[PDB]
Amino acid sequence: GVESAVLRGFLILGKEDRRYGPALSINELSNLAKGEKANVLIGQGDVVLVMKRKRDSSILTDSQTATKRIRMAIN
């Protein structure tokens, strides 16, 4: 997960769920709420939302193998 890599605390969601309509910056991503997502650019060209920690993690284990969404279910 190159997206979450830089962040060092998010998960790899994807370019969907535009229902959020955030499009904010990373500096604000930290103010987000756990279990929630937020669309942030990772190259000024790809708009994808991230997924906060499911509880607690230093860098939040992730993987770029799942771009559609994350490999975890939050309820």
# chains A, B, ... in the order shown; residues from 1 in each chain; ligands from 1
>>> residues_around(residues="region 6-21 of chain A", least_positions_apart="5", cutoff="7 Å", atoms="only C-alpha atoms", output="number ranges by chain")
A: 1, 38, 47-53, 58-60, 62-64, 66-70
>>> select_by_dssp(residues="chain A", states="helix (DSSP H, G or I)", output="ChimeraX atom specification")
/A:2-7,18-20,26-29
>>> write_last_selection(atoms="N, CA, C and O atoms", output="compact mmCIF listing (two decimals), in the first residue's frame")
# COMPACT_ATOMS: atom_id res chain seq x y z
N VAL A 2 1.12 1.78 -1.19
CA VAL A 2 1.92 2.99 -1.32
C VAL A 2 1.18 4.21 -0.79
O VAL A 2 1.79 5.18 -0.33
N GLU A 3 -0.14 4.15 -0.85
CA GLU A 3 -0.99 5.24 -0.38
C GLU A 3 -0.86 5.38 1.14
O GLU A 3 -0.53 6.45 1.66
N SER A 4 -1.12 4.28 1.83
CA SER A 4 -1.04 4.24 3.28
C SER A 4 0.40 4.32 3.76
O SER A 4 0.67 4.74 4.88
N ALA A 5 1.33 3.88 2.91
CA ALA A 5 2.75 3.89 3.25
C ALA A 5 3.19 5.27 3.73
O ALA A 5 3.69 5.41 4.85
N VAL A 6 3.01 6.28 2.89
CA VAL A 6 3.39 7.65 3.25
C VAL A 6 2.68 8.08 4.52
O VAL A 6 3.28 8.64 5.43
N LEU A 7 1.38 7.82 4.55
CA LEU A 7 0.54 8.17 5.69
C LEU A 7 1.04 7.53 6.98
O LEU A 7 1.01 8.16 8.04
N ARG A 18 -17.60 7.96 -3.52
CA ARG A 18 -17.54 9.41 -3.69
C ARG A 18 -18.62 10.09 -2.86
O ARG A 18 -18.66 11.31 -2.75
N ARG A 19 -19.50 9.28 -2.27
CA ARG A 19 -20.58 9.79 -1.44
C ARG A 19 -20.01 10.64 -0.30
O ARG A 19 -20.70 11.49 0.26
N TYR A 20 -18.75 10.39 0.03
CA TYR A 20 -18.08 11.13 1.10
C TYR A 20 -17.82 12.57 0.67
O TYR A 20 -17.95 13.50 1.46
N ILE A 26 -3.94 15.43 3.71
CA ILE A 26 -3.47 14.46 4.68
C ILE A 26 -3.37 15.07 6.07
O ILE A 26 -3.71 14.43 7.07
N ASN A 27 -2.88 16.30 6.13
CA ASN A 27 -2.73 16.99 7.40
C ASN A 27 -4.05 17.01 8.16
O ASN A 27 -4.09 17.21 9.37
N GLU A 28 -5.14 16.80 7.42
CA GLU A 28 -6.48 16.78 8.00
C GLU A 28 -6.92 15.34 8.26
O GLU A 28 -7.76 15.08 9.11
N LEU A 29 -6.33 14.43 7.49
CA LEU A 29 -6.62 13.01 7.60
C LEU A 29 -6.46 12.51 9.04
O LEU A 29 -7.14 11.58 9.46
>>> atom_distance(atom1="CA of residue 46 (chain A)", atom2="CA of residue 31 (chain A)")
21.6 Å
